[PDB]
Structures are given as C-alpha cells and as structure tokens.
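Enquirer: Handing you this structure, nothing more for now.
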Amino acid sequence: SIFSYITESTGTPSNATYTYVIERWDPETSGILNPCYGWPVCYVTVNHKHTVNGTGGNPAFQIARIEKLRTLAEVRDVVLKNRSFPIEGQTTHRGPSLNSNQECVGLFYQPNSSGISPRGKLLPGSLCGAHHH
Ligand SMILES: [Zn+2]
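The numbers in PDB author numbering rise by one with no breaks, and the one at position 130 of the sequence shown is 154.
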C-alpha cells in the first residue's frame, strides 16, 4: 500500500489548507499494473481529492512521467528515483465542499501535469487517512 494522511485541515470545506504526509510506499509484489500505461501522457503527482467523486485537483507537484511504465512496481521505482519519503507539505483545496472523510492527499496518476485533474485518481493501493489497526 501507499500510506498518506492529512494531519490538519484549516479553513472551510470548500476552501481548505491541508497539511499532509505521504509516509511510505511498500514494495509492490502483487503484479499490479500501472492504470495509465500506454496513455499518450501520464504523470504521477501529489494531489488531493477535489470532488465528491475522488478525482484530482491542482497537484501539489508532479513527480514523474509514467505512461511508459507497465507495472506499479516500476512506477514506485521511478518515484523513488525522483523523491525520498516521507513527502510533506501543504496544499490548498478551493472547490466542492468536502467533509473530513472526503479529504485526501496522496499519489495520483493523471494525464495532465497541472490544473484541475478530473481524469486523475489515486494510484491503486492508496490508503488515505487512518491506516488499519
Ligand atoms: Zn481541490
């Protein structure tokens, strides 16, 4: 899994600043494929759920191009070549009202590097918020 969580949200549901941590991404040994392999263009980004449908906002930042990577293990490898964990920062949501259970910062895949990201979604295995106990 990919573990991330918001540690504070300030503002209002539709105009919020999230302080976040992407803590770790465990090794990928399940043969999961990259959902955007073979798209014309695909990026892995740090982004938030922007809509009640869980689609992406304007990314906090883009990490790498991934459309040539067939597997999620390869996506993880490229992320690690570009960035160390943990990833921390703040990002701001201005848009649809979201409750705490609808708020999430994590690693998204998406066709666009920036701007609102309706075709972006969390990578498979993303556990946003409280992990399992
Ligand atoms: Zn947003």
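Note that beta-carbon positions come from the ideal geometry of N, C-alpha and C, so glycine has one too.
Could you compute how far the alpha carbon of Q126 sits from the alpha carbon of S25?
Expert: 19 Å
Enquirer: Please confirm whether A88 and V70 have their CB atoms less than 8 Å apart.
Expert: Their beta carbons are not under 8 Å apart, which means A88 does not touch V70 by this criterion.
Enquirer: Looking only at its own chain, which residues have a Cβ that is under 6 Å from the Cβ of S121, when we skip the five neighbours before and after it?
Expert: Counting only Cβ-Cβ distances below 6 Å, and skipping sequence neighbours, we find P37 and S38.
Enquirer: Only counting runs of 3 or more residues, tell me where the beta strand (DSSP E) segments fall wholly within the stretch 104-147, in order along the chain.
Expert: 111-118 and 129-134
Enquirer: What I want to know is whether the C-beta of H74 ends up closer than 7 Å to one or more non-hydrogen atoms of ligand 1.
Expert: Shortest gap from the CB of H74 to any heavy atom of ligand 1: under 7 Å.
Enquirer: Taking all protein chains shown into account, decide if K145 is buried (16 or more other Cβ within 10 angstroms of its Cβ) or exposed.
Expert: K145 is buried by the Cβ-count criterion.
Enquirer: Looking at the structure shown, is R100 part of a helix, part of a strand, or coil, going by DSSP?
Expert: helix
Enquirer: I need the DSSP call for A88, collapsed to helix, strand or coil.
Expert: strand
Enquirer: Can you grab the Cα-Cα spacing for the pair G62 / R118, in whole Å?
Expert: 31 Å
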